[PDB]
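Engineer: need the 3D shape of this:
(chains A and B, ligands or ions: 2)
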Number of protein chains: 2
Amino acid sequence: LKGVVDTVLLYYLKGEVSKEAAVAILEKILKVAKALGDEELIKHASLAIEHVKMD
Amino acid sequence: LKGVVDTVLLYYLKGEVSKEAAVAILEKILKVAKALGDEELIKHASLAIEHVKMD
Ligand SMILES: [Zn+2]
Ligand SMILES: [Zn+2]
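Structural biologist: Numbers count the residues shown, from 1 in each chain, chains lettered A, B, ... in the order given. Ligands and ions are numbered 1, 2, ... in the order given. Dropping the coordinates below:
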């Protein structure tokens, strides 16, 4: 679930996903990664979410 | 200077430049951005730096 975040980010930066599909998938993955206990994936998904949301 | 950060991130996630080179270029860009007065790109470069440095 760490390569999925980078896959979504990479496909966003090439302009093949939108700010709507990407955020939906990344919040689903952050939900998975916050109920798993990983603090190294909570923050990974959080950084990806901040990048896709605003910037 | 907003496309430079995305180019560095996109070439890092693609796994074809480096971790050292990406962080060096992004610290240069963050220095320019913090000596420009635009906090819309200060945090963009800071997020890219957090991603490349740690995750
Ligand atoms: Zn990543
Ligand atoms: Zn960006």
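Engineer: could you find the closest non-adjacent residue to the residue in chain A that ligand 1 sits nearest to?
Structural biologist: Of all residues in chain A, the one sitting closest to ligand 1 is residue A:6 (4.4 Å; Cβ to the ion). Every C-beta, even on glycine, is put in place using the N, C-alpha and C of the backbone. Spatially, and ignoring its direct neighbours in sequence, residue A:6 is nearest to residue B:13 (5.1 Å; Cβ to Cβ, 6 or more residues apart in numbering or on different chains).
Engineer: the one you found against residue A:12, yeah?
Structural biologist: No: contact between residue B:13 and residue A:12 fails when scored by Cβ atoms under 8 Å: they sit 10.3 Å apart.
Engineer: backbone phi and psi for the residue nearest to residue A:6, please?
Structural biologist: Phi and psi for residue B:13, reported as degrees, to the nearest 10, are phi -60, psi -30.
Engineer: count of residues packed around it?
Structural biologist: Around residue B:13 there are 19 other residues, counting by other Cβ atoms under 10 Å in any protein chain shown.
Engineer: what's the angle from the helix or strand containing the residue of chain A closest to ligand 1 to helix B:2-13?
Structural biologist: Using DSSP states H and E, residue A:6 falls within helix A:3-13. Comparing the axes of helix A:3-13 and helix B:2-13 via axes from the mean of the first three to the mean of the last three Cα atoms, to 10 degrees yields an angle of 140 degrees.
Engineer: and the residue most central in space within chain A, what element?
Structural biologist: With distances taken as Cα atoms, centre = their mean, residue A:26 lies nearest the centre of chain A, 3.3 Å away. Taking DSSP H and E as the criterion, residue A:26 maps to helix A:21-34.
Engineer: in that helix, what counts as buried?
Structural biologist: A:22-23, A:25-26, A:29-30, A:33 (16 or more other Cβ atoms under 10 Å in any protein chain shown).
Engineer: biggest separation within the residues you listed, which pair?
Structural biologist: A:22 and A:33 (15.9 Å; Cβ to Cβ).
Engineer: residue A:26 versus the residue of chain A most remote from its centre, what's the distance?
Structural biologist: Here chain A reaches farthest from its C-alpha mean at residue A:37, the gap being 16.4 Å by Cα atoms, centre = their mean. According to Cβ to Cβ, to the nearest Å, residue A:37 and residue A:26 sit 18 Å apart.
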